[PDB]
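Asks: Protein chains in written order, with the deposited numbering: chain B, 1 to 38, 68 to 99, 153 to 222; chain A, 1 to 37, 68 to 98, 153 to 222.
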């Protein structure tokens with residue numbers, strides 16, 4: 001048997017472990033990089078494997094999201163029967179998120195970016211302001 | 001609106017607090033996750079990634095509610165890709181038959197041994213592969 005079967009199987013395996021060690025080395029760096037921003070080795074593999082699962086899921090999801098845009155709104159309209167008071171507040175926002183949309187993409191994303199550090203710093207005083215806003219929403 | 005509904009709302013106020021702190025707990029879990037397996071600048075971004083994972087996770091859980153139909157619907161469209169996979173699902177079903185408890189047995193032993201085996205595995209692969217190849221050389 002061996003000459004055909006071995007030749008075909010070894011060629012396929014050879015590529016696969018080369019890609020797998022490439023995939024591992026992609027992940028090895030990636031995983032480091034994320035933590036770098038800041068049973069353990071079995072966890073380091075398992076964490077990566079979980080990351081590969083997230084990547085797998087994200088590939089499927091990324092494809093699914095592309096392919097609807099290429153059904154979400156209609157499923158969101160079933161949720162709109164539950165949501166409808168909060169969805170009436172979303173209807174004006176969907177007038178800004180379409181309306182100002184091109185302008186807001188450039189302008190707002192930069193303005194808010196340094197506002198992102200401002201949000202982190204403001205968040206703690208904003209929690210009492212959000213409680214005040216909630217008391218106003220209960221009042222009127 | 002009754003005082004008993006207010007006592008339930010107060011448990012909801014610990015749910016608010018529990019939600020905020022739940023974000024930070026995820027980070028804490030991860031921190032040993034890495035260490036087993068200025069700081070705003072990194073910490074902040076890392077909690078955003080947690081947010082994205084939480085959202086994603088919720089979307090995945092919601093897809094499981096749509097399912098438990154969705155699985156079959158996609159799995160049918162995937163047949164458009166399946167060459168081997170049609171034959172391979174039954175093969176995985178050979179272990180599938182070793183089902184209710186015995187899947188869990190397989191998983192549990194695979195973890196429990198698995199680290200030791202994974203060290204052993206490159207040492208073991210030469211003799212292991214040699215043995216199967218010898219059974220084909222026979």
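Ideal placement from N, C-alpha and C gives every residue a C-beta, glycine not left out.
Helix, strand or coil for residue 166(A) per DSSP?
Replies: Residue state, collapsed to three classes: coil.
Asks: Could you please tell me which residues of the segment 176-192 of chain A, in chain order, have their CB closer than 8 Å to any CB of chain B?
Replies: Under the 8 Å Cβ criterion, the segment 176-192 of chain A contributes no residue.
Asks: Can you tell me the Cα-Cα spacing of residue 169(B) and residue 156(B), whole angstroms?
Replies: Approximately 14 Å between the Cα atoms of the pair.
Asks: Helix or strand or just coil, what does DSSP make of residue 68(B)?
Replies: Three-state result, residue 68(B): coil.
Asks: With a threshold of 7 Å between beta-carbons, can residue 36(A) be considered close to chain B, or not?
Replies: Yes, residue 36(A) counts as interfacial toward chain B.
Asks: May I ask you to report which of helix, strand or coil DSSP gives residue 205(B)?
Replies: Residue 205(B): helix per DSSP, three-state reduction.
Asks: Report the residue from 13(A), 3(A), 182(A) and 7(A) whose alpha carbon sits nearest the alpha carbon of residue 213(B).
Replies: If we check each option's Cα against that of residue 213(B), 13(A) comes out closest.
Asks: Does residue 222(B) come out as helix, strand or coil in the three-state DSSP assignment?
Replies: DSSP places residue 222(B) in coil when its eight states are reduced to three.
Asks: Going by C-alpha to C-alpha distance, which of 166(B), 68(B), 222(B) and 215(B) sits closest to residue 33(A)?
Replies: Taking only the C-alpha atoms, the option nearest residue 33(A) is 68(B).
Asks: For residue 73(B), count the other beta carbons within 10 Å of its own beta carbon; 16 or more makes it buried, fewer makes it exposed. Which is it?
Replies: With 16 or more other Cβ atoms within 10 Å, it is buried.
Asks: At a cut of 8 Å, does the segment 73-86 of chain A reach the segment 13-26 of chain A through at least three beta carbon pairs?
Replies: Cβ pair count under 8 Å is three or more, so yes.
Asks: How about residue 159(A): is its C-beta nearer than 7 Å to some C-beta of chain B?
Replies: It does not: the Cβ of residue 159(A) has no partner Cβ on chain B nearer than 7 Å.
Asks: Going straight from the alpha carbon of residue 89(B) to that of residue 162(A), what length do you get?
Replies: Cα to Cα, the separation comes out at about 11 Å.
Asks: Can you confirm whether residue 8(B), when its beta carbon is compared against all beta carbons of chain A, has any partner nearer than 7 Å?
Replies: So, not an interface residue.
Asks: Just to confirm before moving on: does the CB-CB distance between residue 71(B) and residue 207(A) stay below 7 Å?
Replies: Not a contact, by the Cβ cut-off of 7 Å.
Asks: For the alpha helix (DSSP H) that contains residue 2(B), what are its first and last residues?
Replies: Segment 2-37, the alpha helix (DSSP H) holding residue 2(B).
Asks: Could you name the residues of chain B that residue 199(A) contacts, counting a contact when the two beta carbons are closer than 8 Å?
Replies: Per Cβ cutoff of 8 Å: 68, 70 and 71.
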